[PDB]
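Contents: one structure, followed by commentary.
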Amino acid sequence: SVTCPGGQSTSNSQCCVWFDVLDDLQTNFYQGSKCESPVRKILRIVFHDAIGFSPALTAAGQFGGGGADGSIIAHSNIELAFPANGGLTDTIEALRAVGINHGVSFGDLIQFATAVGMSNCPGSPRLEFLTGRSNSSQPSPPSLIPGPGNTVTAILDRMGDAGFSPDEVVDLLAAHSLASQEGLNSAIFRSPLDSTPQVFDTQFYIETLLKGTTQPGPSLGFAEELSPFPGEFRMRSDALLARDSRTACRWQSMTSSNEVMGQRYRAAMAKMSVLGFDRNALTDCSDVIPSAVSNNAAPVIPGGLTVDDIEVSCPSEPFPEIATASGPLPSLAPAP
Ligand code: HEM
Ligand SMILES: *[C@@H]1O[C@H](CO)[C@@H](O[C@@H]2O[C@H](CO)[C@@H](O)[C@H](O)[C@H]2NC(C)=O)[C@H](O)[C@H]1NC(C)=O
Ligand SMILES: *[C@@H]1O[C@H](CO)[C@@H](O)[C@H](O)[C@@H]1O
Ligand SMILES: [Ca+2]
Ligand SMILES: [Ca+2]
């Protein structure tokens, strides 16, 4: 519908400032539209910002949190002291400056930087982007972010309170396909959670299901489990969710199709992006988001392992026929 100063067409005039913050983020924050640590840090940030939302606290007369309100930036002084928010300060400050410089709300800016960051990573779906979240927020209550040492019952209860079913919890975890850890075992800094930390694919669901065989570092870190090969890090909650009877069949269904996985993830992220808001009050500016390059590789069981190495945990469905690869066991380099 309208033409923005740069000659681009958009549906609403409210979308025109976003082409300018698109260029800034791609050039600066993402260092030339790359899919590296700034994208992975922003994905941790959008979850940690959005999940500080609790209907139960509200119901009990307490402030339950404003959801996707950018409070992790406006109140970084209190929220970055939370256990789950370590290693985010440098990214929060960079985002703060962009927000202030373009006059956009912090909650909107985090949703936008997630959609734009994912467009730099092959295989990603185009995420919906809505604008209009108010810039005013209050600090998130503590203890609303799931931890890697939490039991599955604990994660599903916290996630369920926020509004997600067990299925959507598994769908949301597709973001660990673009992930590493820095603070759980600092000895193997940026060890990847799957073999393709720069490709949004199904490898994370396949690989967390393989039998834990290797200790990748000198010792085990917090909430660390044995992984299937050198260089890969396996987190306890991911290992447990892969195997728990409440989430095992959805986890298994996510292994053979990158198309189904992307579809499910996009839908769960659209829900997470408006926690604390009425989406009918927001303006759709999804047309600003660029397409990612396609991922043409097929799902594989890496380095000589076969179906006999995966710990099938969904009792009702047989494991999908996934291709195997020859070669020895891969050793993963740190995520860039
Ligand atoms: C079931 C809840 C989840 C738990 C317990 C969990 C836990 C963690 C932990 C402990 C790390 C490592 C952080 C570090 O030491 O550097 C991590 C990394 C990451 N998580 Fe999650 N996560 C969960 C859900 C999600 C969701 C829903 C998203 C986003 C949609 C997400 C995106 C990421 C990303 C992209 C990274 C990689 C960060 C990097 O490489 O620097 N996580 N997660
Ligand atoms: C959104 O709200 C925050 C306040 O929570 C505003 O951020 C401040 O902006 C001024 C300049 O305008 C800076 O000097 C402060 O350092 C900022 N504070 C924080 C905590 O970041 C922000 O400007 C507001 N944005 C809009 C568009 O209203
Ligand atoms: C596999 O090799 C990589 C480097 O290629 C290491 O990061 C890993 O620890 C393992 O030796
Ligand atoms: Ca928040
Ligand atoms: Ca991947």
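We number chain A the same way Swiss-Prot does; the residues here are 29-364, in that order.
We read in the header that X-ray crystallography, 2.0 Å was used to get this structure.
Using the three backbone atoms N, Cα and C, a Cβ is placed for every residue, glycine included.
Listed in Swiss-Prot for this protein:
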- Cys32-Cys44: disulfide bond (DISULFID)
- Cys43-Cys313: disulfide bond (DISULFID)
- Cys63-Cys149: disulfide bond (DISULFID)
- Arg72: site 'Transition state stabilizer' (SITE)
- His76: active site, proton acceptor (ACT_SITE)
- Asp77, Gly95, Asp97, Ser99: Ca(2+) 1 binding site (BINDING)
- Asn163: N-linked glycosylation site (CARBOHYD)
- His204: heme b binding site (BINDING)
- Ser205, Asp222, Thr224, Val227, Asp229: Ca(2+) 2 binding site (BINDING)
- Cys277-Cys342: disulfide bond (DISULFID)
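Annotated pair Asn163 (N-linked glycosylation site) and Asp97 (Ca(2+) 1 binding site), C-alpha to C-alpha distance, rounded: 7 Å. Across the fold, the C-alpha of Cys313 (disulfide bond) and the C-alpha of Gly95 (Ca(2+) 1 binding site) stand 20 Å from each other. Between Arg72 (site 'Transition state stabilizer') and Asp229 (Ca(2+) 2 binding site), the C-alpha separation comes to 18 Å. The secondary structure of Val227 (Ca(2+) 2 binding site), as reduced to three states from DSSP, is coil rather than helix or strand. In this structure, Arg72 are the recorded positions from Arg72, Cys149, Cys277 whose C-beta falls under 6 Å of some atom of ligand 1. Only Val227, in sequence order, out of the recorded positions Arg72, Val227, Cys342 have a CB under 6 Å from ligand 5. Taking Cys32, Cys63, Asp97, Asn163, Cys277 as the candidate recorded positions, the subset whose CB lies under 6 angstroms from any atom of ligand 4 consists of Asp97. Among the recorded positions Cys44, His76, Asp77, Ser99, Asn163, the residues whose Cβ lies under 6 Å from any atom of ligand 2 are, in sequence order, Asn163. When the Cα atoms are compared, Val227 (Ca(2+) 2 binding site) and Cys342 (disulfide bond) turn out to be 26 Å apart.
Using a 10 Å Cα-Cα cut-off from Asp222 (Ca(2+) 2 binding site), the recorded positions that qualify among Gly95, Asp97, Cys149, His204, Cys277 are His204.
The 10 Å shell around the Cβ of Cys277 (disulfide bond) contains 17 further Cβ atoms across the protein chains shown. With respect to their backbone Cα atoms, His76 (active site, proton acceptor) and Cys32 (disulfide bond) stand 33 Å from each other. Mapped onto three states, the DSSP output places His76 (active site, proton acceptor) in helix.
Comparing the recorded positions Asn163, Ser205 on other C-beta atoms within 10 angstroms of each C-beta gives the minimum for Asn163.
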